[PDB]
Amino acid sequence: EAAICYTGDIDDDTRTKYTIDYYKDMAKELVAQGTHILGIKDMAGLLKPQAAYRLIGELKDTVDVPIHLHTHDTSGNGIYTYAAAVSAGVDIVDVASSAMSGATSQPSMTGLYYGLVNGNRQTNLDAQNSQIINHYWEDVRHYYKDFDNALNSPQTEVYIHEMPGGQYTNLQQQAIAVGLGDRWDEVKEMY
Amino acid sequence: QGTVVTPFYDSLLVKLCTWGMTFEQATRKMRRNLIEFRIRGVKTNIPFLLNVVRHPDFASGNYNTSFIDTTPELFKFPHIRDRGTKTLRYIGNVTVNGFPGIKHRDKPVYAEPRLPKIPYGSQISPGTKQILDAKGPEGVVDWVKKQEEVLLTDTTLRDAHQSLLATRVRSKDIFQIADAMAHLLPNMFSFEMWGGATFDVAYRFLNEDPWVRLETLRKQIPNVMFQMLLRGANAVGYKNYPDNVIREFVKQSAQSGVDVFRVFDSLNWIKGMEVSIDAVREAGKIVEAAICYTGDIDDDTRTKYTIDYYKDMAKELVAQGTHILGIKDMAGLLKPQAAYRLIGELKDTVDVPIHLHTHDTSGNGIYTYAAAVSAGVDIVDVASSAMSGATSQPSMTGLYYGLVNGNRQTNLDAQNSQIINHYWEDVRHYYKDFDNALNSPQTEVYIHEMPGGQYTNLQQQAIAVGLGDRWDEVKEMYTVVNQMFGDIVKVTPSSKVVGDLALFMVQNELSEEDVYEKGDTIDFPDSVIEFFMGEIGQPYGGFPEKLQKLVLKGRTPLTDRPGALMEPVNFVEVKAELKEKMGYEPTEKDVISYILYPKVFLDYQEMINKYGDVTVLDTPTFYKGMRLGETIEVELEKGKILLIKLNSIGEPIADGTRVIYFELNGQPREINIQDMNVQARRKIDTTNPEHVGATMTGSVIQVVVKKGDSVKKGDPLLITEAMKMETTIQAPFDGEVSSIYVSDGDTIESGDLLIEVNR
Amino acid sequence: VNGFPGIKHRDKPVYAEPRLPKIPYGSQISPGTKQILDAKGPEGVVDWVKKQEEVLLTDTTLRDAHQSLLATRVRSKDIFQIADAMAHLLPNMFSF
Amino acid sequence: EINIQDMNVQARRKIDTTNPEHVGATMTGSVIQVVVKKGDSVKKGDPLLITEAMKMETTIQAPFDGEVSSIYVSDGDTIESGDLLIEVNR
Amino acid sequence: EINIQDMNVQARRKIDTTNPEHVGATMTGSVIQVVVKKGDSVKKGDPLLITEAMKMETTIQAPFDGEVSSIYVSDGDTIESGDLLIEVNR
Amino acid sequence: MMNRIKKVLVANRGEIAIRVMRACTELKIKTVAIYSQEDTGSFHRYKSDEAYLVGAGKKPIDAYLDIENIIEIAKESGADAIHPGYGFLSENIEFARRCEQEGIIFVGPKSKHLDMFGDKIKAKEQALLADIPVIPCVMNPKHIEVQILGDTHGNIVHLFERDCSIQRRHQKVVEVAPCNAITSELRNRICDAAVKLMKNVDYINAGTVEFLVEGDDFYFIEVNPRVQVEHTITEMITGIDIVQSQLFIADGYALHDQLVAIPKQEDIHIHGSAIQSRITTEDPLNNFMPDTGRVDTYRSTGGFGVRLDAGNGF
Ligand SMILES: [Mn+2]
Ligand SMILES: [Mn+2]
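Residue numbers (our numbering), protein chains in the order written: chain A, 764 to 954; chain B, 237 to 995; chain C, 5 to 100; chain D, 4 to 93; chain E, 4 to 93; chain F, 291 to 604.
Here you go:
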């Protein structure tokens with residue numbers, strides 16, 4: 764599963780470097796290079812929903828491999844973005860147990876099931892089963908309180924700075940460590 | 237400074253003399269100097285000298301030997317200023333004993349929160365509040381119809397923290413951002429900023445006045461309309477109340493600055509809102525009658541709460557005369573495709589704008605909002621990102637970015653809302669102890685239908701009552717019980733009924749069949765009897781009869797609004813009763829608050845008399861006190877500050893009383909706090925005969941006196957054993973008992989200081 | 005006595021025992037996507053995927069999810085303990 | 004091992020979650036009243052002690068028939084969840 | 004107030020956030036090395052002490068020219084964020 | 291009691307800030323203090339009815355020179371008038387100009403007075419136009435200043451002199467009033483000389499004119515258009531509250547209005563003699579370097595003939 768990393772914003776023509784033609788060219792080279800599944804890796808949760816519809820649609824018109832999408836729910840639009848991707852034909856999406864989903868993680872597997880179960884296109888999941896598994900994680904997560912440090916709420920600023928899911932919490936740490944916790948906004952501007 | 241004045245000699249501390257070229261000049265300097273003096277530890281005669289010196293007969297120059305004994309204005313003294321002392325009493329008390337209901341822990345070292353930089357004397361845009369003032373309710377409605385963008389109500393100052401932080405967000409933290417809010421968010425349709433659980437929680441748990449919050453804010457945000465959440469029948473209260481109480485509450489709410497009233501019934505019984513709705517109309521304000529969403533209209537198996545149901549009720553509510561139709565999805569049950577269909581249909585059906593409110597419990601909030609937006613919804617409720625998600629509203633900025641490339645956009649300034657958001661990012665840390673909602677999707681709510689708030693809450697009681705191990709059983713029972721009740725709308729207070737009975741049935745190993753079989757022998761919770769009695773309205777489809785019979789036990793259920801049947805309150809009588817209890821003239825607001833929450837209102841008064849208006853404290857101090865060597869700034873009013881420092885914490889004496897050692901604006905202050913939770917022997921000061929100390933090695937059988945007792949020479953202070961042979965320690969003079977360093981039991985040695993007897 | 009490195013040293017809490025799904029003893033794991041690979045290889049799985057109208061799910065709970073939320077600190081013990089159940093209860097996932 | 008009462012007393016134990024003879028606090032609050040003495044016989048459901056939770060009293064009961072053992076708290080004491088309160092031997 | 008050195012020693016202070024003469028730990032870790040003595044003169048940027056954070060050494064510097072005052076920690080000591088480490092008088 | 295001035299913002303710190311506040315409260319005027327970050331604990335902040343931080347982010351001294359922040363605060367708080375004290379911005383053209391422009395009464399002379407006397411030369415100038423002596427380097431001189439007050443209504447008094455001759459490395463240390471070792475005639479030539487100058491330019495509010503004296507001649511050297519540290523000793527020998535006078539003048543009154551109570555020049559007299567000593571943390575055993583730290587004990591003194599004006603010694 765050769766993957767293309769999503770960045771920029773194809774709904775914005777001001778921005779001429781990372782465009783839909785860009786993703787299409789590279790989608791083909793990667794099929795040429797010989798990938799079974801084409802993966803789209805939205806490391807930072809930057810792929811807005813309308814751009815997902817267009818991107819996945821176009822890429823389906825362009826290459827004859829299934830497509831695997833991966834986003835982060837950083838902005839709060841993960842599920843919505845997944846629903847768009849689903850309307851346009853995406854073959855596979857990455858989700859997580861509800862109790863380990865949201866914020867800088869993947870959207871919820873059960874969240875998705877319920878959001879799509881009355882649409883034209885559904886997921887194959889057993890809600891009840893996944894809820895029972897989910898309970899295990901609900902409990903076990905408490906063990907990791909000391910490492911559960913991501914401020915776990917939407918951060919739409921990632922559309923300005925484009926720091927990946929993980930490195931936000933991480934870079935903040937170093938900023939704080941090196942005496943710059945007071946000036947984190949300066950550092951996000953500098954990024 | 238540090239002297240000990242004794243009762244033996246005259247009392248004189250200092251002779252203050254002032255001079256002028258004239259008497260008149262000298263009088264002004266005496267005035268200043270008396271006021272500028274600071275003496276603490278002991279009372280002084282200064283309040284009296286001031287009265288003399290300020291009296292116009294003193295200034296005249298014409299007074300004689302009988303001036304004082306015939307000018308009784310000289311002996312009326314003002315109400316003391318001891319706001320500092322009170323503040324110190326509060327701080328010292330939480331610092332030593334902790335705040336009630338949270339784990340007692342060192343106060344953290346907090347970031348100072350990021351306040352948006354506003355140009356000095358900048359210029360607040362008019363907004364939706366101006367439209368109301370000029371053109372009233374119809375003007376705002378017409379305006380709304382003109383807007384192609386979807387409009388935003390912000391719930392950050394109410395439902396958002398009700399959901400995530402147990403409604404504990406304090407007025408201080410709210411005022412501090414309000415200015416910025418006004419300048420940076422002028423395009424909001426409204427700020428949901430009162431009602432719900434904030435009214436009682438302010439009084440009961442925050443020791444502050446909800447009316448003050450509403451009124452201070454009104455001035456701070458004069459450009460955007462204020463919205464509140466009102467339970468139709470019971471306002472913000474805990475009961476049912478007679479009609480005139482509801483109308484008075486609403487009347488005042490409206491005067492005090494609330495512009496939009498979202499009015500709902502927990503069973504969707506329209507009769508239960510009729511008083512409130514009418515009262516809002518009569519105040520000149522906006523009515524947002526709301527329909528509570530439950531069930532699942534995409535599922536035809538379910539035939540009770542269907543789209544025709546929502547349509548019928550939408551019309552009756554327009555008939556009843558609502559300006560805006562609100563849809564209140566308390567539990568986050570409205571899936572997205574059903575939103576499209578529901579909002580679409582309702583737009584085809586009624587000619588009022590529609591206001592949607594969901595909870596992001598399932599993770600589908602935004603998606604559901606996008607559907608609603610595609611179908612024409614006029615207004616949606618969002619919150620600052622940092623107070624959004626999970627059981628709160630979806631993010632206002634989340635929404636903006638998700639829609640900004642669609643056919644239909646929101647009017648918001650992302651950047652501005654991100655800057656505001658930072659404030660909340662920071663301030664939220666203050667509420668760690670109340671941030672207890674497991675903050676991640678819970679799709680199970682589609683099975684059980686527990687509202688945003690009551691999930692965290694009901695879990696608490698389950699845990700409290702020893703059922704934390706069996707929470708899943710209780711969630712299953714919650715569902716069973718909703719079926720037992722014929723399937724009701726569950727939101728405050730119908731939701732409590734279902735939770736009360738669910739707990740009980742689990743506690744007592746009771747199945748559904750067990751209840752049908754042995755139900756006449758079982759004593760059901762009061763909220764359940766009350767429910768079947770009709771005391772919170774009539775459920776759609778009516779009570780199940782067999783179960784009603786079993787619960788009531790011959791009791792005769794009423795079939796009208798409980799406010800119809802209630803003795804109107806006498807406001808003149810109640811105001812006098814209260815005046816008595818408070819000891820001065822209450823406001824129209826105090827009165828209505830006492831009517832709605834008699835007990836908690838009076839407990840609030842008791843509290844602010846003891847500690848002053850603790851509202852003004854920074855939240856970390858409010859909940860955690862002070863670290864040793866910490867300095868805080870307490871803002872009493874703009875410009876007026878108490879620089880307070882904590883130096884040290886005295887060892888305890890027998891009953892636990894410690895001395896807390898503070899500096900307040902430069903003045904060393906010592907306050908006595910009783911340590912309730914205590915887990916080195918002082919010797920006497922041989923010089924001082926006020927010290928009574930043990931003569932030989934032994935123990936304390938019995939202490940015969942209390943602090944403050946008057947004694948006469950020779951009297952019995954305490955009894956000390958010396959090899960089992962009791963002997964009695966007496967007062968060496970007439971005086972007053974002070975501190976007691978020992979207790980019945982305590983072992984003692986010669987020299988050990990036992991009791992102090994002041995002359 | 006000395007605490008774990010890089011975290012504040014504090015009393016060990018009193019924890020709930022976690023809810024393990026009840027699986028019938030000696031129950032029967034469905035074949036899934038792993039069998040397709042073993043029989044028909046990469047092309048088989050690809051062809052299969054093309055046939056599916058539903059959208060398929062990869063579950064990231066055991067990797068990117070905790071990498072993101074918990075500093076990748078989730079330990080094998082906690083992972084093994086749920087894996088059996090995972091197999092029985094989530095057989096339709098495209099991948100883990 | 005011999006038991007000596009200290010007449011002259013001038014860290015909170017948590018429960019052993021395994022052992023149900025340990026009765027521990029459910030939530031953070033305090034002890035209003037201890038209703039039993041060491042050696043008292045109890046029947047399942049009986050009142051052992053009463054614990055406040057934000058002023059609203061709630062009553063901790065015997066989880067079985069048995070005999071009361073050691074008592075780690077007193078009327079007054081402040082308590083947290085997990086805190087071992089009373090021991091009830093079978 | 005008189006200063007007496009206790010030769011025979013057998014609670015962690017946090018910083019006064021207001022006061023920048025207080026130098027406090029940024030994160031949880033320990034003290035590798037204290038590089039200064041009381042009364043040392045410093046110039047802005049100079050090395051005051053070195054603090055470990057998961058074994059990766061990092062160096063706490065003077066935030067201004069001034070004079071070193073009291074030192075609340077020693078090589079070895081374990082530290083948390085907010086913990087007052089050194090005082091630098093202007 | 292006051293016409294326009296209901297609230298004064300005292301744009302200083304320390305001793306003189308407290309003095310002004312005390313004069314304001316005597317006249318029933320509300321007070322507003324400013325403090326730098328560094329002065330968050332200065333006791334002058336606890337002597338005003340209101341206090342506000344100023345200069346956020348600036349250096350210690352610059353923070354008390356932040357004109358525009360001071361104006362913001364003045365306006366925010368409803369301050370009719372600003373008393374700049376001595377030092378800092380008390381002699382700063384832009385600051386006076388800037389108050390006048392904002393319709394905020396500057397308790398001092400007009401901006402043009404700070405202009406003609408901000409310069410060491412244009413003062414010399416004005417002294418020539420006044421027709422009073424000047425230097426053209428002088429032998430063993432006394433250093434002697436004359437206290438002037440003058441209202442908006444063209445009245446101008448002097449309050450006799452002060453001998454500021456005791457100096458260390460040309461910084462004042464003890465001040466005595468009046469100058470006991472000169473004749474009544476010399477005293478008047480000097481005093482009248484300073485009136486002449488200050489009338490000649492229609493000087494407004496409190497100001498001081500400095501002179502050097504050799505034997506029986508004297509020579510103008512400087513005008514300070516502000517209150518001075520040593521005004522105290524003059525209030526003591528004349529009876530006239532100088533700081534209240536300042537306030538009265540700036541409100542709009544006239545020296546002799548019965549409320550302001552300043553006698554006619556003929557009726558202003560010397561009563562006794564007064565000495566001022568400034569107590570500082572300058573260590574004489576260490577080259578007069580200012581000591582620092584917490585003051586654990588501070589016990590001043592009292593009794594007949596004693597006056598104390600506290601800075602940051604509490
Ligand atoms: Mn990833
Ligand atoms: Mn709600």
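Even for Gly, the Cβ is constructed at its ideal location relative to N, Cα and C.
- Rounded to the nearest angstrom, the gap between the Cα atoms of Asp839 of chain B and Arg449 of chain B is 19 Å.
- Put simply, the CB of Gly79 of chain D is near chain B, with a gap under 9 Å to one of its CB atoms.
- Neighbours of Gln32 of chain C across chain A, judged by C-beta separation under 9 Å, do not exist; the nearest C-beta is about 15 Å away.
- DSSP, reduced to helix, strand and coil, places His448 of chain F within a strand of the structure shown.
- When Cβ-Cβ separations below 9 Å define contact, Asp15 of chain C makes contact with chain D.
- Boundaries around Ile74 of chain D are those of the beta strand (DSSP E), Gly69 to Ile74, since no alpha helix (DSSP H) includes it.
- A distance criterion of 8 Å places the beta-carbon of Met59 of chain E beyond contact range of ligand 1, judged by its closest non-hydrogen atom.
- Close to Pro46 of chain C, with beta-carbon spacing below 7 Å, are these residues of chain A in chain order: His799.
- Per DSSP, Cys427 of chain F has no beta-bridge partner at all.
- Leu487 of chain F places its beta carbon less than 9 Å from that of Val499 of chain F.
- Under the Cβ criterion of 9 Å, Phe98 of chain C is counted among the residues facing chain A.
- What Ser864 of chain A touches in chain B, judged by beta-carbon distance under 8 Å, is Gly599, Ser676 and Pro677, going in chain order.
- In this structure, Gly625 of chain B and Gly865 of chain A form a Cβ contact; the two beta carbons are roughly 7 Å apart against a cut-off of 8 Å.
- Of all C-beta pairs linking the stretch 874-891 of chain A to the stretch 688-700 of chain B, fewer than three are shorter than 8 Å, placing the two stretches out of contact.
- Linking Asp902 of chain A to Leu674 of chain B through their CA atoms gives a straight-line distance of about 10 Å.
- Those residues of the stretch 517-542 of chain B placed with their C-beta closer than 7 Å to a C-beta in chain A are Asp534, ordered along the chain.
- With a threshold of 9 Å between beta carbons, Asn11 of chain D makes contact with chain B.
- Inside the stretch 350-438 of chain F, DSSP marks whole beta strand (DSSP E) runs of 3 or more residues at positions 371-373, from first to last along the chain.
- For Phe898 of chain B, there is no enclosing alpha helix (DSSP H); the enclosing beta strand (DSSP E) has its first and last residue at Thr893 to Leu900.
- Taking one beta carbon from each stretch, the stretch 8-19 of chain E and the stretch 77-89 of chain D have fewer than 3 pairs nearer than 8 Å; the two do not touch.
- Taken in chain order, the complete alpha helix (DSSP H) segments of 4 residues or longer contained in the stretch 502-574 of chain B are 510-519 and 543-556.
- In terms of beta-carbon proximity, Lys554 of chain F stays away from the interface with chain B, with every pair separated by 9 Å or more.
- Exclusion of the five residues before and after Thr851 of chain B leaves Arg406, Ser407, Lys408, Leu442, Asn443, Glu444, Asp445 and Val448 as the residues of its chain whose Cβ lies within less than 8 Å of its Cβ.
- The beta carbon of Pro23 of chain E sits closer than 7 Å to the beta carbons of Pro66 from its chain, once the five residues preceding and following it are set aside; these are given in chain order.
- Within the same chain, and ignoring the five residues on either side of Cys314 of chain F in sequence, the residues whose Cβ sits closer than 6 Å to its Cβ are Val298 and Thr321.
- For the stretch 923-950 of chain A, the beta-carbon criterion of a distance under 8 Å to any beta-carbon of chain E is satisfied by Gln936, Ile939, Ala940, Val941, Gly942 and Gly944.
- Only residues of its own chain outside the window of five on either side were considered, and among them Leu388, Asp390, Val618, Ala619, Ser620, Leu648 and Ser653 have a CB closer than 7 Å to the CB of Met632 of chain B, listed in chain order.
- Less than 9 Å divides the Cβ of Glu520 of chain F from the Cβ of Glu435 of chain F.
- Using a CB distance below 9 Å, the part of the stretch 258-271 of chain B facing chain F consists of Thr258, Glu260, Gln261, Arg264, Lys265, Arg267, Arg268, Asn269 and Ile271, ordered along the chain.
- In this structure, the beta-carbon distance from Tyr543 of chain F to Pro399 of chain F does not fall below 9 Å.
- When DSSP states are grouped into helix, strand and coil, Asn718 of chain B belongs to the helix group.
- DSSP places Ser763 of chain B within a helical segment (H, G or I) once states are collapsed to three.
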